[PDB]
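One structure below.
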Amino acid sequence: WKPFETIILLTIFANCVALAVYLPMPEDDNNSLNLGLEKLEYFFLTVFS
Amino acid sequence: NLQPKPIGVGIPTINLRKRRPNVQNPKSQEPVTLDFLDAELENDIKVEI
Amino acid sequence: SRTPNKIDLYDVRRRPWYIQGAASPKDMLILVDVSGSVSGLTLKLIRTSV
Amino acid sequence: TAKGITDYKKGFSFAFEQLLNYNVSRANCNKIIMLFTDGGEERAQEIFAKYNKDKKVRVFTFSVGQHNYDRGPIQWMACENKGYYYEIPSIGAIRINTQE
Amino acid sequence: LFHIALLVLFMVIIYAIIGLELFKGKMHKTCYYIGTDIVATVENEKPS
Amino acid sequence: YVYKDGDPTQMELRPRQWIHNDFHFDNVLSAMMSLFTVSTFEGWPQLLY
Ligand SMILES: [Ca+2]
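Chains as they are written, first to last, in our numbering: chain A, 2 to 50; chain B, 118 to 166; chain C, 0 to 49; chain D, 3 to 102; chain E, 4 to 51; chain F, 478 to 526.
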């Protein structure tokens, strides 16, 4: 009805805020926060799937 | 046997294709550490001495 | 310095005589980070520091 | 050649073990370990507690190049171990910090 | 904008080909310090 | 010392000098010339940095 159109909208917004806090490191390095983000990625996925 | 020239290591390899002509690299700073078993022919009765 | 075209880069601190009386002998151990992030200008710098 | 992740725990375990050989011929005087690295997110507090609980070893951390990685943990390691901290951004900066 | 697209596409192509022939392979020689494999250039100059 | 192609072995000597940027914001007649150039999009990234 009303908020599922908005819950999903804010979900597609938070994922945006997540693709952006990511930090690209060279030659395969990686900070512990990028790992946290990949972990959150699964949640984002299951919500869109 | 000890001499003024510095004690040398390895076979010297310099690349002529990458020395631009007028920049003056470092010359040398190493100490002249010749050993007694290298100034004279080594025995076993000299390693005792 | 500049009257010929060879220029001295001699430092007293660097000198071996200066160093032996600066301090006591030492067992050091150079530990280097070789993770992917270092590759680049930084990796180039490390090989010249060691 | 540089590749892979960064573990400040296997790097200081390997260092301390090297420091404790006592079978080989050794100087046995100042025992110090110096690490060249750019930025560290982990301070490796656990390795220093035991390997050098009394601070026998001295740790010097060098941050090199122009980069954005965090230098707080490295500075902390240097401070904890009675070592020092040195930056090197440039080739002309190498000569007075690796003698200092 | 379809009719303009065609035009611009064909302009680039024509000029590209003229460019080709006109200067194809004419930019492979640069000043070098004698004997070495290093490029010789002033300060704020680009190798040409 | 300056290093050609960042070669710790190839360096030349140079005098040190305190330089001023050609386009600055010292007075209001300067900041303005700067803004005109930043407005023509010519060399604005330099100023930005
Ligand atoms: Ca790292």
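C-beta: ideal position from N, C-alpha, C; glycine also.
Ligand 1 heavy atom lying under 8 Å from the CB of A:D30: Mapped onto the first sequence, residue 30 of chain A falls at position 29. Flag set: Cβ of A:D30 near ligand 1.
Cβ-heavy atom distance, C:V37 to ligand 1, below 8 Å: Here the question's residue 37 of chain C lines up with position 38 in the third sequence. Correct: C:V37 has its Cβ closer than 8 Å to ligand 1.
Chain-ordered chain B contacts of E:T33 [CB-CB under 7 Å]: Residue 33 of chain E sits at position 30 when you count from the first residue of the fifth sequence. Simply none; closest approach about 15 Å.
C:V33 vs C:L42 beta-carbon contact at 9 Å: Reading the third sequence from its first residue, position 34 is the one you call residue 33 of chain C. Reading the third sequence from its first residue, position 43 is the one you call residue 42 of chain C. The answer is yes: Cβ separation under 9 Å.
Pair within 9 Å by beta-carbon distance, C:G35 and A:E6: In the third sequence, residue 35 of chain C corresponds to position 36, counting from 1. In the first sequence, residue 6 of chain A corresponds to position 5, counting from 1. No, the Cβ-Cβ distance between C:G35 and A:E6 is not below 9 Å.
DSSP state of F:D484 mapped onto helix, strand, coil: For the purposes of this step, residue 484 of chain F is identified with residue 7 of the sixth sequence, where counting begins at 1. DSSP places F:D484 in coil when its eight states are reduced to three.
Interface residues of chain D facing F:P485 [CB-CB closer than 8 Å]: The residue you call residue 485 of chain F lines up with position 8 of the sixth sequence. By Cβ distance, chain D contributes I93 and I96.
Helix, strand or coil at C:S36 according to DSSP, with G and I counted as helix: By 1-based counting over the third sequence, the position of residue 36 of chain C is 37. It is helical.
Test: E:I16 CB closer than 9 Å to a CB of chain B: Counted from its first residue, the fifth sequence places residue 16 of chain E at position 13. No, because no Cβ of chain B sits closer than 9 Å to the Cβ of E:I16.
Any non-hydrogen atom of ligand 1 within 8 Å of D:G41 CB: For the purposes of this step, residue 41 of chain D is taken as residue 39 along the fourth sequence, with counting starting at 1. Yes, the beta carbon of D:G41 sits closer than 8 Å to at least one heavy atom of ligand 1.
According to DSSP, residues forming a beta bridge with D:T63: Locating residue 63 of chain D in the fourth sequence gives position 61, where the first residue counts as 1. For D:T63, which the question treats as bridged, DSSP gives the partners D:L37 and D:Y87.
C-beta neighbour in chain D for A:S50, strict 9 Å: On the first sequence, residue 50 of chain A is found 49 positions in, with the first residue counted as 1. Closer than 9 Å: no.
Heavy atom of ligand 1 within 8 Å of D:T8 beta-carbon: The residue you call residue 8 of chain D lines up with position 6 of the fourth sequence. Yes, since a heavy atom of ligand 1 falls inside the 8 Å radius drawn around the Cβ of D:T8.
Straight-line gap, residue 186 of chain D to D:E44 (C-alpha atoms, nearest Å): With chain D covering only 3 through 102, there is no way to say anything about residue 186 of chain D.
D:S65 CB to nearest heavy atom of ligand 1 below 8 Å: Translated into positions along the fourth sequence, residue 65 of chain D becomes position 63. No.
Collapsed DSSP secondary structure at F:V479 in the structure displayed: Counting from 1 along the sixth sequence, the entry for residue 479 of chain F is found at position 2. In this structure, F:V479 counts as strand in the three-state DSSP scheme.
Contacting positions in the stretch 34 to 46 of chain C - beta carbon closer than 7 Å to chain A: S34, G35, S36, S38 and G39
Residues bridged to E:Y35 (per DSSP): Here residue 35 of chain E corresponds to residue number 32 of the fifth sequence, with the count starting at 1. According to DSSP, which records beta bridges pairwise, E:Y35 is partnered with E:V42.
Below-9 Å beta-carbon distance, D:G13 vs any chain A residue: For the purposes of this step, residue 13 of chain D is taken as the residue at position 11 of the fourth sequence. No - not a single Cβ of chain A is within 9 Å of the one on D:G13.
Proximity below 9 Å, CB of C:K5 to CB of B:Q141: Locating residue 5 of chain C in the third sequence gives position 6, where the first residue counts as 1. Locating residue 141 of chain B in the second sequence gives position 24, where the first residue counts as 1. Closer than 9 Å, so yes.
Inter-residue spacing [alpha-carbon to alpha-carbon] between D:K84 and D:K57: Within the fourth sequence, residue 84 of chain D is the residue found at index 82, counting from 1. Within the fourth sequence, residue 57 of chain D is the residue found at index 55, counting from 1. Those two C-alpha atoms are separated by around 8 Å.
Any non-hydrogen atom of ligand 1 closer than 8 Å to A:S33 Cβ: Translated into positions along the first sequence, residue 33 of chain A becomes position 32. Checking the Cβ of A:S33 against ligand 1 gives no.
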